[PDB]
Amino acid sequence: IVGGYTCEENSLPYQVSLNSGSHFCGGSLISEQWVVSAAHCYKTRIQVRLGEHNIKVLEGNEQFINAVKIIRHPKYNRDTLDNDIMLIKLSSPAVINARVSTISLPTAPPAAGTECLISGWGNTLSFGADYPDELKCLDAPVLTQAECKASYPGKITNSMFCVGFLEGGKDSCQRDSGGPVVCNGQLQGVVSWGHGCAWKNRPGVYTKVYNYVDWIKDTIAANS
């Protein structure tokens, strides 16, 4: 997250860290045993870390659980990042408490102008790299599809939407990938991609979770 602020400890119970030796992507807990993330965050072996704030220090509220099954969307396109969404089943159900809980699925697509909360342990700089130990937060509005397409001519598909500021300065970034975009208490998006980070006229592009509600429900029911 570039230009954001440090979130209050455990204030985003649904935020998870995907770890493969080190943190590499974010995710969202939507059920005791299921996490939503980005398909480009796929890896053969993944440990899901819940209840985290400072990813380098043991705080006492963490829950480390290995993934038993990783399901990328059938139509995921590695080249265009179309349908960039993935489901992760935990080997065991997470213990739900005050610092670890789930986020709801959207009941309608994101509306332009809506303020959302994006979070992660991703890069905090537009140039160079500075990965934070503590979870970062950013409040940003959903942009119109018009503005989104204008920023990325011929690269925006039906599964994508933009959130951020055209003036730049505030945006998600590398390793925030797979993380949540929550608006009005619902998971509206998944951090997917963008050109640079917080650059002018290059807002973040996110996967529209609403388009996959049925797929998520069916896939989970068939693998639980």
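Position 1 is the first residue in the sequence shown; the rest follow in order.
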Which is higher on mean Cα B factor in this entry, 175-183 or 31-39? 31-39
Which is higher on average in the deposited entry, the C-alpha temperature factors of 116-124 or of 130-138? 130-138
Could you tell me which one of 188, 54, 192, 44 shows the highest CA temperature factor in the PDB record? 44
Checking the entry, which one of 162, 50, 198, 67 has the top C-alpha B factor? 67
Going by the recorded CA B-factors, say which third of the chain residue 104 sits in, lowest, middle or highest. lowest
With respect to C-alpha B-factor, does residue 11 fall in the lowest, middle or highest third of the chain as deposited? middle
Grab the CA temperature factor for residue 204 from the record and place it in the lowest, middle or highest third of its chain. lowest
Third of the chain's Cα B-factor distribution that residue 168 belongs to, per the entry: highest
Please place residue 17 in the lowest, middle or highest third of its chain according to the CA B-factor in the PDB entry. lowest
